[PDB]
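Inspection log for the structure reproduced underneath, given as structure tokens.
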Amino acid sequence: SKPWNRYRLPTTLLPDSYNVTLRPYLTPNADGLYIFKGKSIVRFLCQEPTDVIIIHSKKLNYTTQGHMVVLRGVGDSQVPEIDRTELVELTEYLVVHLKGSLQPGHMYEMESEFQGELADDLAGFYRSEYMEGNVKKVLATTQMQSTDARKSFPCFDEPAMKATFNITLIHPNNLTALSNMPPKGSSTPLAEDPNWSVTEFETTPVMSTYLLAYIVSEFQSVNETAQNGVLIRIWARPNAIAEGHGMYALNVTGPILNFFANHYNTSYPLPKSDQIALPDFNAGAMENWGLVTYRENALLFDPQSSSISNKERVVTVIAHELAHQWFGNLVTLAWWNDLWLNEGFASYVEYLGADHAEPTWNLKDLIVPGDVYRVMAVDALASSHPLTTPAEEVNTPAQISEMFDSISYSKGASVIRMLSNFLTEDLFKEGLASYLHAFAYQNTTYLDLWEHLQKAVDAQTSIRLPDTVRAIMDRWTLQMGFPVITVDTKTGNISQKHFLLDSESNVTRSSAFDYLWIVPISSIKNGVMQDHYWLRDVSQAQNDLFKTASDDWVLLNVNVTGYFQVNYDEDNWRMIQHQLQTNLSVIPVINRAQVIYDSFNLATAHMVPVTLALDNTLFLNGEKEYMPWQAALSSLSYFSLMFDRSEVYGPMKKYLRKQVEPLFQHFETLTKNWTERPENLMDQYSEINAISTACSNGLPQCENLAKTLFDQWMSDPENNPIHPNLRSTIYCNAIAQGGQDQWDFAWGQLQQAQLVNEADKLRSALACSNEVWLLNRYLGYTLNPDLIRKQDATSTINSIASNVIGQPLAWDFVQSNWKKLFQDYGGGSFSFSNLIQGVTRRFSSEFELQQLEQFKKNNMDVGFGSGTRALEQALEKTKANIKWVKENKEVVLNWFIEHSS
Amino acid sequence: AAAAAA
Ligand SMILES: *[C@@H]1O[C@H](CO)[C@@H](O[C@@H]2O[C@H](CO)[C@@H](O)[C@H](O)[C@H]2NC(C)=O)[C@H](O)[C@H]1NC(C)=O
Ligand SMILES: *[C@@H]1O[C@H](CO)[C@@H](O[C@@H]2O[C@H](CO)[C@@H](O)[C@H](O)[C@H]2NC(C)=O)[C@H](O)[C@H]1NC(C)=O
Ligand SMILES: *[C@@H]1O[C@H](CO)[C@@H](O[C@@H]2O[C@H](CO)[C@@H](O)[C@H](O)[C@H]2NC(C)=O)[C@H](O)[C@H]1NC(C)=O
Ligand SMILES: *[C@@H]1O[C@H](CO)[C@@H](O[C@@H]2O[C@H](CO)[C@@H](O)[C@H](O)[C@H]2NC(C)=O)[C@H](O)[C@H]1NC(C)=O
Ligand SMILES: *[C@@H]1O[C@H](CO)[C@@H](O[C@@H]2O[C@H](CO)[C@@H](O)[C@H](O)[C@H]2NC(C)=O)[C@H](O)[C@H]1NC(C)=O
Ligand SMILES: *[C@@H]1O[C@H](CO)[C@@H](O)[C@H](O)[C@H]1NC(C)=O
Ligand SMILES: *[C@@H]1O[C@H](CO)[C@@H](O)[C@H](O)[C@H]1NC(C)=O
Ligand SMILES: *[C@@H]1O[C@H](CO)[C@@H](O)[C@H](O)[C@H]1NC(C)=O
Ligand SMILES: *[C@@H]1O[C@H](CO)[C@@H](O)[C@H](O)[C@H]1NC(C)=O
Ligand SMILES: *[C@@H]1O[C@H](CO)[C@@H](O)[C@H](O)[C@H]1NC(C)=O
Ligand SMILES: [Zn+2]
């Protein structure tokens, strides 16, 4: 095979440094084509003799004099003549065939001139269009991750092939140019046309291609100079800056960077930090070294209209991206198969960095609902996959893209947190420092971190492990899934088995370990911490730590630091329940949530009866804290989805109304009649969920609150009296109770909304009407770009479908309008998969299955496109629902009847 | 954007 037909680069040539000059043209040509021009020189060293240069190039046209490149020797080195240059599209290469061989130890410079489309494709060097008044603005920006640096200039575009970069931007003289590094000095006029300026940037450190960035825009900044001279700037649209929306990001950045410099035992490795808010950046955020990009909703914050969960999103997303400025950027994983270590690490430490900026919020707890239980839903499937993938199976750009999923990020985070916990943070930080210092400006595999952590373990006598760090972590990284740990408290016997939600599933992926793990197990007995225990790679063991007396109780996995779920014999469950009903504060709040999370999953897997899971919600009438209530609500939304059109619903409603009333009443006093929010984040979250649960289950005191506040708003439109935290519930319930006066008022507010997040809440609340006619009229609007944006059409139809009354209307509308498929699957995506999922989510009967089959019977032309598999998934999900309702209906009805009084 | 929602 020829090397230019292989996806991995040769190792014969390694880059030293690059000069790259880019010039975006932000005015289109005659035909509406936007382009950029560039010029580059790469200096590389020959390691082994070769008569071919292979370098990456994607969607670039070459205008170099002669062949596509010019090739020179550095210093007094001679250079072979070029035979020919060709582009090989499949493997994204520019190939320079030479008439003789390059020589080991010699350096060469390769110069090229090129151009590409400055497309609106969020890839490489690209354009982004947005509105300022009647005016349409266009800026130029970059997204290299993973394999798109090559789409902006020819480069050895693999993460381990690091080099220094000298970037220059040629741009309109009234626009600002930003890159990884500071400008060298003031811009100078382009001599051939002084309407353009030339901005040169300081040389980057040795770094990876995927982390480069350069941006040309009208943006402005808010700034601060940290004590060590590091300049910090938040960049955004002029009007966003003037509004003060960059201030929260600016406030937290300084503390976050200080936290990480200390955590990592390493100085921030750059002279400045720019972070930029881009309108509609669909990738969310990108950790470009010294110039981190974000979508606006992720970086900007409007105190007057934004909720607290909004603030939580800003501080954690910043902490995540800043974490990479060391872990990922300074020390880079050598290949994409180890992506999980980079993203998993940042996904864990984002909570630590954010906790430093907001220390009263207990943010570290949020990893449990946010990543652990979230990823366990997909890792408890037969179709999961290990964190680890062999390097040689990850080759194409598409294979690289598949590394970026829930397992890599959320299981990565969970497993790393588990590791830090069983090591202790102090020891983990020691190894982490050692790793960063040894590999700074270089590349690694996950085995290198384990080695440095082992060095830390071996240098102390306190923490003793049952095996090497690598052998333990291999159990968590080389095989998919996680165990359920089951304890028999009468004997103290403990067992582990691979946990699958579907007790009838066939696992066909084989494990080198037979799905046995080495498991760290903390425990608490009658509210007192016990000695730590390790379950070895055995199915079964026994320890007196897990043996109780019938008045005692024991609980495993404190704070769910371990990546596993726990089951007990029935008597121990009842003892835990008794404790939660008589003095809950003895069980850590995270474990009060765990009991609910785990037991609903166990009931799904048929390991406990569903009534045991429901019994675990009974303590909630005395619960004031956020997480355990959130656990219940996440675990019951499926119950509500299946039963909200059945005789089960009244009793379920009555049951939830009874559980939530004391909490609603608690906050009524605490908030001084809803006039002031709880102080800390968790309590604000608890209040939000309490109002939401109250209103949606028909608590009269909540309905009355919603009506009063919305009435008050309608009588004084410019002064919204509803705190951002409570808007989504208050808006929804007031519209549900009301009619066309409320609906028309909210529609008018939607059409003048300036802020995306406010517009979203309104769009969602409008779907809460209980008038069939209003919902059909609304559906009719969803396909009009004048009234409802394209990108919002399917969300809106979905919100309507989630209304019990809107369910038939949306389903009818989708079936009947399906042929908006020969109109919306050609110019722009239009997520069809999410629409199918959304409107079919409820289906739980044979009759509904028939309709979905009957409907599918229209493959005869049309097809489905982006949602072809989504439809198949809807048929399989409906069958699973049919079977679940049949097994569960009778038992669940009687439980709710029995416990609603 | 990379954080991790609950
Ligand atoms: C990018 O700019 C840097 C820094 O100015 C250049 O580094 C110089 O390179 C030469 C080797 O050609 C060294 O002798 C000098 O000592 C370097 N200066 C410094 C400050 O390191 C670098 O060569 C440039 N890259 C390219 C491709 O030209
Ligand atoms: C890469 O760019 C740098 C900076 O423009 C070039 O170095 C400059 O070379 C000019 C002559 O063209 C001199 O005025 C300066 O001595 C250089 N400036 C600095 C900061 O070193 C460099 O020659 C370019 N690299 C290559 C291989 O052409
Ligand atoms: C930068 O200069 C450009 C070119 O004059 C300005 O772009 C024009 O701006 C007005 C808006 O008042 C439009 O009517 C023209 O269509 C724009 N021309 C182009 C080619 O886009 C721009 O306003 C100036 N921006 C700043 C920040 O000074
Ligand atoms: C990827 O990283 C490895 C280190 O893990 C680099 O290998 C080292 O190169 C440095 C020079 O900076 C030498 O000091 C070390 O002796 C090497 N250590 C080894 C081999 O363990 C390697 O250079 C990197 N790969 C590339 C292409 O740069
Ligand atoms: C389990 O998690 C809780 C927090 O949810 C831990 O309690 C925190 O402990 C640290 C250090 O003592 C304090 O800074 C916090 O103020 C505590 N928060 C609360 C709400 O009490 C607790 O230490 C963890 N349990 C174990 C065994 O590690
Ligand atoms: C690249 O060249 C092709 C073929 O000549 C042409 O269709 C395309 O527009 C060119 N693109 C740019 C950005 O110049
Ligand atoms: C930023 O910090 C200042 C000073 O502490 C504070 O007044 C302001 O409320 C903060 N801004 C935001 C949006 O939190
Ligand atoms: C790294 O940690 C050591 C040990 O506490 C300390 O003396 C040193 O100041 C630290 N260096 C940095 C850059 O944090
Ligand atoms: C507990 O394990 C012991 C030792 O293997 C065994 O004799 C016993 O049957 C187990 N009992 C239960 C109830 O699991
Ligand atoms: C509940 O437990 C905590 C911790 O032991 C203790 O402070 C308190 O006295 C207990 N309260 C009641 C009412 O049992
Ligand atoms: Zn990340």
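Following the order of the structure tokens, chains are lettered A, B, ..., residues in each are numbered from 1, and ligands are numbered from 1.
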Please build the interface table for chain B against ligand 11 with a cut-off of 12 Å, listing for each qualifying residue the nearest atom pair and the distance in Å to one decimal; count only C-alpha atoms and all ligand atoms, order rows by chain and increasing number, and write it as a Markdown table.
```
| residue | atom | partner | partner_atom_place_in_ligand_line | distance |
| --- | --- | --- | --- | --- |
| B:1 | CA | ligand 11 | 1 (Zn) | 8.5 |
| B:2 | CA | ligand 11 | 1 (Zn) | 5.7 |
| B:3 | CA | ligand 11 | 1 (Zn) | 8.1 |
| B:4 | CA | ligand 11 | 1 (Zn) | 10.5 |
```
Selection within 9 Å of ligand 7 by only C-alpha atoms and all ligand atoms, output as a VMD selection string: chain A and resid 244 to 252 301 to 303 311
Output the selection as a PDB file, in the first residue's frame - C-alpha atoms for each residue.
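Okay, result_39.pdb is ready:
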```pdb
ATOM      1  CA  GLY A 244     -22.662  44.102  31.095  1.00  0.00           C
ATOM      2  CA  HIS A 245     -23.195  40.501  30.021  1.00  0.00           C
ATOM      3  CA  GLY A 246     -19.512  39.602  30.078  1.00  0.00           C
ATOM      4  CA  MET A 247     -19.099  40.567  33.751  1.00  0.00           C
ATOM      5  CA  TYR A 248     -19.806  37.219  35.439  1.00  0.00           C
ATOM      6  CA  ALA A 249     -17.358  35.410  33.130  1.00  0.00           C
ATOM      7  CA  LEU A 250     -14.757  38.061  33.909  1.00  0.00           C
ATOM      8  CA  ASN A 251     -15.464  37.765  37.677  1.00  0.00           C
ATOM      9  CA  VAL A 252     -14.872  33.989  37.781  1.00  0.00           C
ATOM     10  CA  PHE A 301     -24.989  36.115  31.671  1.00  0.00           C
ATOM     11  CA  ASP A 302     -27.760  38.695  32.065  1.00  0.00           C
ATOM     12  CA  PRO A 303     -28.567  39.037  35.775  1.00  0.00           C
ATOM     13  CA  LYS A 311     -25.072  30.987  36.259  1.00  0.00           C
TER      14      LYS A 311
END
```
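Between ligand 9 and the residues A:136, A:151, A:547, A:790, the shortest atom-to-atom distance, using only C-alpha atoms and all ligand atoms, involves A:547.
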Check: which chain A residues lie within 7 Å of chain B using only C-alpha atoms, as a count of residues only: 12
Expected answer as a PyMOL selection string: residues within 10 Å of ligand 10, only C-alpha atoms and all ligand atoms: chain A and resi 526-528+579+582-587
Output of the above residues as an mmCIF file, in the first residue's frame, restricted to N, CA and C atoms:
```cif
data_model
loop_
_atom_site.group_PDB
_atom_site.id
_atom_site.type_symbol
_atom_site.label_atom_id
_atom_site.label_comp_id
_atom_site.auth_asym_id
_atom_site.auth_seq_id
_atom_site.Cartn_x
_atom_site.Cartn_y
_atom_site.Cartn_z
ATOM 1 N N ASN A 526 -25.201 2.900 60.660
ATOM 2 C CA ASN A 526 -25.939 3.735 61.624
ATOM 3 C C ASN A 526 -25.398 5.160 61.658
ATOM 4 N N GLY A 527 -25.033 5.695 60.496
ATOM 5 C CA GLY A 527 -24.547 7.068 60.409
ATOM 6 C C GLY A 527 -23.094 7.289 60.790
ATOM 7 N N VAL A 528 -22.340 6.214 60.984
ATOM 8 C CA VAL A 528 -20.930 6.331 61.322
ATOM 9 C C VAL A 528 -20.093 5.694 60.228
ATOM 10 N N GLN A 579 -34.968 5.103 58.912
ATOM 11 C CA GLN A 579 -34.030 6.170 59.249
ATOM 12 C C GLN A 579 -34.372 7.466 58.511
ATOM 13 N N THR A 582 -37.427 9.094 60.037
ATOM 14 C CA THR A 582 -37.372 9.589 61.421
ATOM 15 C C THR A 582 -36.222 10.579 61.711
ATOM 16 N N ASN A 583 -35.074 10.424 61.051
ATOM 17 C CA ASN A 583 -33.996 11.439 61.092
ATOM 18 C C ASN A 583 -33.100 11.288 59.850
ATOM 19 N N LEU A 584 -33.519 11.948 58.771
ATOM 20 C CA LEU A 584 -32.840 11.870 57.478
ATOM 21 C C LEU A 584 -31.446 12.478 57.494
ATOM 22 N N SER A 585 -31.189 13.407 58.413
ATOM 23 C CA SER A 585 -29.942 14.168 58.374
ATOM 24 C C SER A 585 -28.722 13.308 58.751
ATOM 25 N N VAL A 586 -28.982 12.089 59.205
ATOM 26 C CA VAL A 586 -27.956 11.091 59.519
ATOM 27 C C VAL A 586 -27.374 10.452 58.247
ATOM 28 N N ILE A 587 -28.119 10.506 57.145
ATOM 29 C CA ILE A 587 -27.643 9.980 55.865
ATOM 30 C C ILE A 587 -27.247 11.142 54.957
#
```
